[PDB]
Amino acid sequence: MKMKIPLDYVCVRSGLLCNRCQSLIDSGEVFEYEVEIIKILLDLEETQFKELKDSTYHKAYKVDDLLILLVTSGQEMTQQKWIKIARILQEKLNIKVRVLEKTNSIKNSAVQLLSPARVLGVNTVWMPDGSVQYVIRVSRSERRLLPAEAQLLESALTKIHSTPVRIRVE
């Protein structure tokens, strides 16, 4: 499995971080809790999900009881396989999991992240400070379907896309 910010397989599997990998932890480029996630994924690549070989791990975001993985699917990876891996990650880490394909589309990210809550549509708002906001519309009747507080999901989407994202119920 490829890595946006690579760590050695030996260091990840052992948890004994070499000087390079420890430096990534020390500086904050990678969080220590991510090593555990990568180790699970590498262990799964060996026998359960070889399609991970040319997938990419980008980063993980963890607020409250939700872990979000940002990935690129290899040429044999499928959304259903990611769901299976998400379930394993849920069990081992005792936390909800959403796996997001890295994409330029805020809408496609929001659809994946909020599932099974429906995205009714997305709006663009130009704000007086010269910024541009994207508003994800969801249904009031589907709050129980969101995997975390709408506000946690907004901040996560804002980080992922480095641009302000809001979720608004209607």
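Quick note: we count residues from 1 along the sequence shown, nothing fancier.
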item	value
Residue stretch of maximal mean CA temperature factor, 55 to 63 vs 110 to 118	55 to 63
Between 143 to 151 and 5 to 13 (mean CA B-factor, as deposited), the higher	143 to 151
Where the record places residue 103 (Cα B-factor, split into thirds across the chain)	middle
Residue 27 - Cα temperature factor, lowest/middle/highest third of chain	highest
Modelled-residue ranking by C-alpha temperature factor, third containing residue 131	highest
Within-chain third of residue 85 by Cα B-factor, per the entry	middle
